[PDB]
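Descriptive structure summary
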Amino acid sequence: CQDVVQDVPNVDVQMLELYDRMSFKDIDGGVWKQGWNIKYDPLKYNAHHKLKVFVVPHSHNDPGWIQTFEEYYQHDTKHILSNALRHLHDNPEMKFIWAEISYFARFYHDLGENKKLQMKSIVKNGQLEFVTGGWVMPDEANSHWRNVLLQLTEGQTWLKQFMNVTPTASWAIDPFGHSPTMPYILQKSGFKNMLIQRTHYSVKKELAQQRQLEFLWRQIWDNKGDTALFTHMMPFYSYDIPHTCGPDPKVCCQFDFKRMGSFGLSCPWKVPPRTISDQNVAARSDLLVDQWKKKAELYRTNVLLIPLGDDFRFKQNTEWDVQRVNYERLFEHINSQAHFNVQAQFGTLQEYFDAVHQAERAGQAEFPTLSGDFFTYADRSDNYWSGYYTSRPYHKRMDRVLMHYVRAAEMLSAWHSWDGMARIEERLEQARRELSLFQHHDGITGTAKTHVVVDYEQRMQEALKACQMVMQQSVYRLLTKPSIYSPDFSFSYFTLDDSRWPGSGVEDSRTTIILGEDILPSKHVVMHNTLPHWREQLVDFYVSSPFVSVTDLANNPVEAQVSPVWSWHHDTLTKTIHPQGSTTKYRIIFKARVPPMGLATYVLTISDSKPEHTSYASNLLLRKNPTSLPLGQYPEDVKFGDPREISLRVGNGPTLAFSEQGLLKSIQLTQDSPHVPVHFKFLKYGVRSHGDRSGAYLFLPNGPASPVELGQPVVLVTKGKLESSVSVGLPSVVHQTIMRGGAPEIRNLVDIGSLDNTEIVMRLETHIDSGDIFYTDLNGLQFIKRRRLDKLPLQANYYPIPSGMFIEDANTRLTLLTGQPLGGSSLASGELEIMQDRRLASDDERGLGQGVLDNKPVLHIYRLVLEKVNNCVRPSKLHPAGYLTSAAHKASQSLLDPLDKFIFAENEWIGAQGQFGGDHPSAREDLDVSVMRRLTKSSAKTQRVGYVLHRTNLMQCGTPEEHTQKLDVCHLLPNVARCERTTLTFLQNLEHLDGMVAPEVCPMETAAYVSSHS
Ligand SMILES: [O-]S([O-])([O-])O[C@H](CO)[C@H](O)C[Se@+]1C[C@@H](O)[C@H](O)[C@H]1CO
Ligand SMILES: *[C@H]1O[C@H](CO)[C@@H](O)[C@H](O)[C@H]1NC(C)=O
Ligand SMILES: [Zn+2]
């Protein structure tokens, strides 16, 4: 195994280093506005060294953006595909690449058999070529790597089954900035090449000058280079035709033949395209070939890529004709005019890369190596696209919830083979596709029109319901005596209980367990743990009486705590934000202990009075002018007081101090240790009154944030033996700090209401001497070192915070883990900040055509980990990566993959068992079974189950290792007859494994295995 901490990779271009050196000056470079006037030596190309040009027709089809997926399909895409089939069939030399499989699959299943056959033939013969082959072209900033893999697998599995092809070249022309998580996943999925486009204009300029636009992109910690994937970065401002033929858009626009008038398009540079003819072909060719040769100067081989397309292009037959005919005339003239020394033709993306590597192999060029990422993107001036790291935060949080439900549903149902009548495969396929669709770069990014966001939400809601149905049927079969199990596949044996989604104050959706001497004395509940190690976590349920005790199925008492159900209200009468306690329902909390990838059953029983093993939390409402807060049967009276500083300690955990406004002020790790200053504060960013306005994409603040005026907020303190918390009703946010014995959990119920042109940020202030350094993660896969650069504007120092961020000095580290992707930064030494929501009245001119005024309450969740790191073995100062500690990693897992909770729906569960998976191996803490998916239907004689195993890298800080058993996923199911290592998509077998044993992977590595069973 490579050491990912101590050896600094030696690469030609290291993005953090390049950023530190670059000046980012935005000067007018001439017709190539962000570059310079390219000059070339006409003698470079000649009879023995020609410029091979590949013109690649393409059509960018967004699976939802300003129209929903289905509206685009009906109005545009089905026509584009229908006409592509006809035109390619009839013009053998014409080519076309396709990226979005969600649309292709939608089209293909609507085709008659005759057309399906014609389609397969033009794919088989190379005319229509799939690039990437994912369900969508995902966002690369907010997306979790697990969902990036999920959508890639969904599209590629469909392609393998129906088109018999697996793309090895990726095409990503629209994500707003790019992540190294893509080549990581792609290189482990059989890919050989990839192309990206939206990178900062200054980076394009810099790499172009060095001819470093094509590079072997390896991971930041990869010393050897085995993760390397050849990458081509386009050089210009857009993927449209005016910005793809060469440096001068006024000339290139003249070669987009759909802009002559009848199509309602024109050239903004004021020179229109002109139909190519025998009398103008020489002059048109001279202009075009000159653009081509200039573009060629920015690359190292004599093979040139010329994309030819734009949004939803190649729709009308007349469009296909006008583009094809004119280009055929240009090619015939250019290729027969020896003096140009050019051979041009229509080509596919793979054809381009194949020719590039043939040149490389002929010793024509050597490519530089590169590590790093391409955030935060700016397409021009100071227009940095960091706004979308936060836009539509409700759905960004929903993404993570569904992510986990999909994994749990596929894992829980994987244990058995199911009869087709159970509709398990059907429900899982729908859930995977709706979550996959939302990975689109106008989906999770929050950059779509209001009605389209609603469509994605409705789709995800159905996906959540599908996961629940599958999960609950699976639990029932897994925990019921086999000879008693009698399933009704449409029946709800269990109801899922989720305490954080939609969340208290967002939707009153949780069911109350109703017990009573005259109706039902007890209720079974079951917890599922998708992680491959034994796990304990507190779980809570609503019950109709405070006198409830908990036992496991061996009838052993389980210590429990009951607290009130508190809801916050904006009292329009008193003009205050305060809590009201339920008088009919209460929260019971207890520690669940669950096997690796298993289930554990508990029983809640009502009693006449206080049960022996249940304690009750005290509650204290701090505010001036208090009024009574009755709680029905709750046995402890609420206390009142004037606002004041307070301190709390649960178990042996840290002791936290809060200001009289209910916000954290300090953390004390142990009884002896000091009270380390850690202050939470909420602020607001505004919008500029002159110049460019912030929108769904752009963050253009009118300067540093201003503190939110807090007034004298109401603060609620609940103190319990198992869980305590401090909650405060601030303007736009009910902020909560929850303590359970370890790092606190933070929850923000964010309702930006009608606060127009406002962005709410949550900031942490400490004395940590971090200077200008901070760390943020990429797709929940790795942490990359960031350096705040004052030579760039504030918005440029904002980065995606998909799951975590931290700052540290030689001795102390503060890590903030998130349950949703949001944007954030460290704008001053000792600080961390992350945006909660943003409401913008204006459009930011990137095509959306609207601002963001559809905000809705959202419950953001976090874990805040303060730790001493002076004893930790960390990477050297020049290493571009950072790594989490064991506690921070566990804390992230508690947010993204919590225990799932199920309430038995009927009165009695006959045949109930207390546990499943007690014999599953409890793997080392840095290892996870990211995916467990049965790959065969029940009629398959040989059953196959796929596993994706990921090993992160945790810092060694002096804590002895201990125990843990080897996890061999190939032996998790009985009767194994074969074990194979495969690509991450499970589509290609890479290794037949001896003894049918799946070995574990190395730190930061990810592998897939498929076990076959008789
Ligand atoms: O013309 S336009 O206003 O629709 O926008 C252009 C071309 O200028 C874009 O490239 C459309 Se790109 C389509 C969509 O997925 C992105 O959100 C858009 C971000 O800008
Ligand atoms: C297509 O995949 C392979 C690769 O060319 C080919 O040999 C085979 O005939 C096709 N697969 C099937 C099952 O039709
Ligand atoms: Zn797009």
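Residues numbered from 1 in each chain as written, not as in the entry; some residues may be left out. Chains lettered and ligands numbered in written order. Heavy atoms only, no water.

Method of structure determination, per the deposited record: X-ray crystallography was used for this entry, reaching 2.03 Å resolution.

Before going further, it helps to spend a moment on the coordination of the zinc ion (ligand 3). Within the protein, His 60 (NE2), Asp 62 (OD), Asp 174 (OD) and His 441 (NE2) serve as the donor atoms for the zinc ion (ligand 3), at 2.1 to 2.2 Å. Within one chain, the residues serving as donors to the zinc ion (ligand 3) are arranged as H-x1-D-x111-D-x266-H. Remark: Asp 174 occurs in the loop between β5 (169–172) and α6 (181–187) and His 60 occurs in strand β2 (residues 51–60); sequence separation between them is 114 residues. Residue classification places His 60 among the buried residues on the basis of a relative accessible area of 1%. (Donors = N, O, S within 2.8 Å, 3.2 Å for Na, K, Ca; no water. Helix = DSSP H or I, 4+ residues; strand = E, 2+ residues; numbered from the N terminus. Buried < 20%, exposed > 50% of the residue type's maximum accessible area, 1.4 Å probe, protein only.)

Below, the discussion takes up the site of ligand 1. Within the structure, ligand 1 sits among 13 residues, and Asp 62, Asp 174, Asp 442, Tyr 697 and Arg 846 are positioned closest to it. One of the side-chain nitrogen or oxygen atoms of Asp 62 is found 2.8 Å away from an oxygen atom of ligand 1. Here an oxygen atom of ligand 1 and a side-chain polar atom of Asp 174 are 2.8 Å apart. Considering ligand 1 on its own, with 480 Å² of exposed area, one finds that the protein chains cover 72% of that surface. Its residues placed into classes, the shell around ligand 1 shows 5 nonpolar, 2 polar and 6 charged. (Near = heavy atom within 4 Å. Polar contact = N/O pair within 3.5 Å; in protein donor to acceptor, adjacent residues only side chain to side chain. Areas by Shrake-Rupley, 256 points an atom, 1.4 Å probe, with all protein chains shown as cover. Nonpolar A, V, L, I, M, F, W, Y, C, P; charged D, E, K, R; others polar.)

Sheet strands pair via backbone hydrogen bonds, and the direction of the pair is either parallel or antiparallel. Strand order in the open sheet formed by 5 strands is β15-β17-β21-β20-β23, and the pairing between neighbours is mixed. Bordering the open sheet on either side are β15 (512–513) and β23 (614–616), each of which pairs with just one other strand. (Pairing = 2+ DSSP bridges.)

Turning our eyes to something else, we now look at the pairing of strand β39 (residues 804–808). With 5 of 5 residues buried, β39 lies mostly within the body of the structure. Judged by which residues are buried, β39 turns out to be covered on both faces: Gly 804, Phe 806 and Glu 808 on one side and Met 805 and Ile 807 on the other are all buried. Relative to β39, strand β36 (residues 773–778) is paired through 2 bridges, and the arrangement is antiparallel. Its bridge partner lying in β39, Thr 776 is registered against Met 805. Both β39 and strand β40 (residues 812–818) contribute to a ladder of 5 bridges, which runs antiparallel. Note that in β40 the partner of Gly 804 across the bridge is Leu 817.

Our next topic: the environment of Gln 472. Relative to the helices and strands, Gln 472 is located in helix α14 (residues 450–478). Residue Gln 472 is classed as buried on the basis of its relative accessible area, which comes to 1%. Placed 23 residues apart in sequence, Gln 472 and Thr 495 show a C-alpha to C-alpha distance of 7.1 Å. When residues no more than four places from it in sequence are discounted, the contact partners of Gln 472 are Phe 491, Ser 492, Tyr 493, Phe 494 and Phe 902. Polar contacts involving the side chain of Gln 472 include one to the main-chain amide nitrogen of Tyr 493, which spans 2.7 Å. (Contact = heavy atoms within 4.5 Å.)

Read from one edge to the other, the open sheet built from 12 strands follows the order β25-β24-β31-β32-β33-β34-β43-β40-β39-β36-β37-β44, with strand pairing classed as mixed. Strands with a single pairing partner mark the edges of an open sheet, and in this sheet they are β25 (639–641) and β44 (881–882). Bridge analysis of strand β24 (residues 618–622) against strand β31 (residues 715–719) gives 5 bridges, and the strand direction is antiparallel. Of the residues in β31, the one forming a bridge with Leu 622 is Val 715. Lying over the sheet, helix α15 (residues 886–896) contacts β40 and β43 (858–868), oriented at roughly 170° with respect to β43. (Axes fitted to C-alpha atoms, helices over the stretch in contact; angles between N-to-C directions.)

Put plainly, two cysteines are in a disulfide when a covalent bond ties their sulfur atoms together. What the rule picks out here adds up to 5 disulfides. There is a disulfide in this structure between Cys 245 and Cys 252, and the S-S distance comes to 2.0 Å. Disulfide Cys 245 to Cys 252: torsion about the S-S bond roughly -80°, handedness left-handed. On the accessibility criterion, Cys 252 (0% relative accessible area) is buried. (Disulfide = S-S within 2.5 Å.)

Turning to the packing of aromatic side chains, a few remarks are in order. Going through the model one piece at a time under the given rule, you end up with 54 aromatic pairs. Between the aromatic rings of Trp 32 and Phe 236, the centroid separation amounts to 5.1 Å while the plane-to-plane angle is 80°, which identifies the pairing as edge-to-face. Note that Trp 32 is positioned in the loop between α1 (15–21) and β2 and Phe 236 in the loop between β8 (229–233) and α8 (249–252), a separation of 204 residues in sequence. The two residues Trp 32 and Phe 236 agree in class, both being buried. Plain terms: the ring middles of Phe 96 and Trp 320 are 5.1 Å apart, the flat faces sit at 70° to each other, and that makes the pair edge-to-face. A residue pair is termed long-range when its members are at least 10 positions apart, and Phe 96 in strand β3 (residues 96–98) and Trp 320 in helix α10 (residues 317–336) qualify at 224 residues. When its relative accessible area of 0% is taken as the criterion, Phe 96 is described as buried. (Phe/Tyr/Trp six-rings, centres within 6.5 Å; stacked < 30°, edge-to-face > 60°.)

With respect to the secondary-structure elements, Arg 786 resides in strand β37 (residues 782–787). A sequence separation of 10 residues divides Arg 786 from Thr 776, and the C-alpha atoms of the two residues are 7.1 Å apart. Setting aside its immediate chain neighbours within four residues, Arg 786 contacts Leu 16, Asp 373, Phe 375, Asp 772, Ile 773, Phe 774, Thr 776, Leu 778, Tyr 799 and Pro 800. Polar side-chain contacts of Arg 786 include one of 2.8 Å to the side chain of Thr 776.

For the rest of this paragraph, the subject is the packing of helix α5 (residues 145–163) against helix α13 (residues 424–438). In contact at an axis separation of 9 Å, α5 and α13 are set at 115° when each is read in the N-to-C sense. Viewed along their axes, α5 and α13 form a crossing whose handedness is left-handed. Contacts between α5 and α13 involve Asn 147, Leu 150, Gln 151, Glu 154 and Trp 158 from the former and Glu 429, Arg 432, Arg 433, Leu 435 and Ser 436 from the latter. Partitioned by chemical class, the residues of the contact of α5 with α13 number 3 nonpolar, 3 polar and 4 charged. (Left-handed = near helix turned anticlockwise from the far one by under 90°.)

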